[PDB]
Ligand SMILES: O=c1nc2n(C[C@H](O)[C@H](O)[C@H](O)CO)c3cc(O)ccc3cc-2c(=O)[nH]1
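So this first bit is one chain, no partners, the form solved without the named molecule, shown in structure tokens.
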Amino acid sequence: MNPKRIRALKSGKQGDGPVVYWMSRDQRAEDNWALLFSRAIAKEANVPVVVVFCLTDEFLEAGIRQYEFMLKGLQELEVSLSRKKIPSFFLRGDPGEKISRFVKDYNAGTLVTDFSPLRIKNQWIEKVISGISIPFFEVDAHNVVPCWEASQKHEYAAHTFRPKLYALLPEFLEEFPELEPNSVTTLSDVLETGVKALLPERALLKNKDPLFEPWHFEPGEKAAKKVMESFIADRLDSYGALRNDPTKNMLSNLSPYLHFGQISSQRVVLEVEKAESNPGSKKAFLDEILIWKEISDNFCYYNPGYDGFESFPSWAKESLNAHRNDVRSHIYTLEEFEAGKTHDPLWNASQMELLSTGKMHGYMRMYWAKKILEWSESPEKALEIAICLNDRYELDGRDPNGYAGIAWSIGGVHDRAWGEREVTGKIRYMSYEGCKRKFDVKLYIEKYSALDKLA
């Protein structure tokens, strides 16, 4: 393993006991540098590797849809880990408390976790650090080039990150070893209980009939790879031409798996690189999963208020402020956005895509969030509404991409200045008519308009 995938979080004496992979972001047994490394030090100690996952209370802030997707992924993982003799333990609680204690109870010799740039994980790490004496390591298993290694600063734009990361691709883009099994020697309950809790918040149609359709994306490591393979076969070739058209099912459809780490984004790049397809489509796509994905961890990692106005660039803040008193053509409440009650059938169409498939089309997410900004009482509130709807109803939400994408859409993070307008300042503008020139808006509206049947 390239040792620059590892960082020390805390020194100390190695216990004579097992090596505990604190799985958190990368919920997969295959193509997992964090697990691979864990096993490897457990090989140099002749002690076994275990995996522990913290079932936290944060699931009460999103929906059954996310929770179901994830827990079902885990149930398949625990098998997959058993087949390699790697036991899988599931603590129910707060990880500061629970990881440190489990390190005590199970006499852990070394602790490894994966890398996540989100505020909460660094809170939990600092808490764990205090409550343990053993070595504590971190492995960037979610990015091709480790976040702290790709750049040491916040990147103004993709066109400054991109040389930086392409300079390290040859060293860090590589194949994955095999996960060697342990030489040395309930989840079904937790899903029922939790789903029982989330129920009175479930999004329902006027007939007690749930809104979310669960069959557009089956959860798990297995399903993820079939989605990847069916994308290389059927959709990569058209990607460059149709990635901006919401009427074509032509995206990878990988983001819900990428968020939970049910698949390695590295493996996707490995497969796509070798795929003999249209160059235009490869280059566009590598650009999204490599650059736009990893600049998002970059933003969150170097900007701890990544869900705040104050991480917008100076020009964008100064511009939005100077338009705070402009008359808005419309103002909607979070309740109104949430239910698709704006003047715009295109905007509602896209919210109905979000409510029912739990995944909104890429291009329409940009439109979606810029219109939240344009028809709410203030920047701050637009951001709140946007974040809240993103994270409540996207299978891929609560994720650095989400934040960096909302920040792109509303504060121009990683963008530039455009014509100065009412309300939205010099933020890039997107128009109903611009869409109508780019795709059959009326199809998209057709498909979802019909969901005026909400509780």
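The first residue of the sequence shown is number 1, and the count goes up from there.
Just so you know, the form solved in complex with the named molecule exists too; it's not on screen, but the next bit is about it.
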Interface membership of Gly397, the named molecule in the deposited bound form, 4.5 Å heavy atom rule | yes
Interface membership of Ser264, the named molecule in the deposited bound form, 4.5 Å heavy atom rule | no
Give a yes or no for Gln66: in the deposited bound form, does one of its heavy atoms lie within 4.5 Å of a heavy atom belonging to the named molecule?
-> yes
Does the 4.5 Å heavy atom contact test between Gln27 and the named molecule in the deposited bound form come out positive?
-> yes
Quick one: find which of 58 to 66, 42 to 50, 29 to 37, 418 to 426 has residues within 4.5 Å of the named molecule in the deposited bound form by heavy atom distance.
-> 58 to 66
Since exactly one of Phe136, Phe337, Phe299, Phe260 fits, which has a heavy atom within 4.5 Å of the named molecule in the deposited bound form?
-> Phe260
Listed residue (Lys225, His323, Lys121, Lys248) with a non-hydrogen atom within 4.5 angstroms of the named molecule in the deposited bound form = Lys121
